[PDB]
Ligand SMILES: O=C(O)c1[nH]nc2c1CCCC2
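Let's start with one chain on its own, the form deposited without this ligand, as structure tokens.
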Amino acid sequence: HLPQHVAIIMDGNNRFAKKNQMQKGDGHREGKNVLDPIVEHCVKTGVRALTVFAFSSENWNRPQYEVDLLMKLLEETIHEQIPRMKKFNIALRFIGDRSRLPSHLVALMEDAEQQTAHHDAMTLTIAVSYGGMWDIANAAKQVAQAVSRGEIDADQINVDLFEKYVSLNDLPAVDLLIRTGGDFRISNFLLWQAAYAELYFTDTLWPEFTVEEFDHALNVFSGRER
């Protein structure tokens, strides 16, 4: 059995830049291109959802030049992906705190989501200015606003009600979470959504990650591979 929803923490970009004696942020540039063969593998295999950790709540405290580079790379990625989403019938979504993002980038994100919302072969979600803690607290805020409008009785808040307010609630739960780069950490990613996820950790750095290893991780989840 194939995982219904795969999530990826794409770590090891800066380490790849130092190892291959590359320029500043070249690992992020090489890293952005690794996603296309994996997205195509997902749609051809039948994976219904893929969620990638592109920019965390914590990444806002990285050196400002890295933040600027990541915003430019996200803008470039969205433009490049829109025709690919249309070609492969993939719905493109974004999760995260949009208040912290550049206004023009939010406009581009809105366009991409709107133009691909009717696509149904797979859902590709890019987590931008995202953190599991932010997501959970935002869901708590929306539940409390509903209490304030008199729509919900606070005494009736439970797991089943709360789950409707967390990001990607209309998608299946994350059943496989991959982390490249060699670190054994969830790093504030999909905390709620990945509550029961199987985990796949690898020393392979993100710009070196292949479809063969991604497929191996899928087969480790199924039981096809050891």
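Note that residue numbering follows the sequence shown and begins at 1.
The discussion below concerns the form solved in complex with this ligand, not included here.
Q: Under a 4.5 Å heavy atom criterion, is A54 part of the interface with this ligand in the entry with it bound?
A: Because a heavy atom of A54 falls inside 4.5 Å of this ligand in the entry with it bound, the answer is yes.
Q: Indicate whether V47 is a 4.5 Å heavy atom neighbour of this ligand in the entry with it bound.
A: Contact with this ligand, no.
Q: Determine whether any heavy atom of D11 comes within 4.5 Å of a heavy atom of this ligand in the entry with it bound, and answer yes or no.
A: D11 belongs to the contact set for this ligand.
Q: Going by a heavy atom distance of 4.5 Å, is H41 a contact of this ligand in the entry with it bound?
A: Judged by the heavy-atom cut-off of 4.5 Å, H41 is well away from this ligand in the entry with it bound.
Q: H28, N59 and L70 - do all three of these have some heavy atom no more than 4.5 Å from this ligand in the entry with it bound?
A: All three within 4.5 Å in the entry with it bound.
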